[PDB]
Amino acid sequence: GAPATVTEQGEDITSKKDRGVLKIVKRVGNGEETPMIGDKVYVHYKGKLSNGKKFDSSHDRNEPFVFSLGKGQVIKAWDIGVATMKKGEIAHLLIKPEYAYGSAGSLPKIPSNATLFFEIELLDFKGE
């Protein structure tokens, strides 16, 4: 499946190279620009727990997920992984707990020490 493909062929995009955030680009975007910290970012996403017990998509809310990059409003792995994307790009991220909800989890939504998977599409980003 998609998460196993990410384990085996995905790029380690963490600074510490501890494989905590792995990425495959699944649809290439356009332009050279990727978002800077502080930029307003609009995405669609699907996500799941590696235990298969919970799934979440922006399309449920019928509308883009909007957030300010690097402003600690999402998990570390998103600040790291969305910053690497181009406008129009679809990527797959597989994320160890240290870059998500940690040992404590976000009980009981996110269990303790959960690995997470997302499919993210970067729709647009604007200057603060």
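Numbers for residues come from their place in the sequence shown, where the first is 1.
- With respect to the recorded C-alpha B factors, which stretch has the higher mean value, 117-125 or 4-12? The entry gives the higher C-alpha B-factor average to 4-12.
- Message: So, looking at the entry's B-factor column for Cα atoms, which has the higher mean, 101-109 or 15-23?
- Response: Higher of the two, by average CA B-factor, is 101-109.
- By the entry's C-alpha temperature factors, tell me which of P35, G70, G81, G31 sits highest. Highest C-alpha B-factor among the listed residues goes to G31.
- Message: Sorting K86, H92, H59, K96 by Cα temperature factor from the record, which one lands on top?
- Response: The listed residue with the largest C-alpha B-factor is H59.
- Task: Place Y45 in the lowest, middle or highest third of its chain's C-alpha B-factors, as listed in the PDB entry.
- Result: As the PDB entry reports it, the C-alpha B-factor of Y45 lands in the lowest third of its chain.
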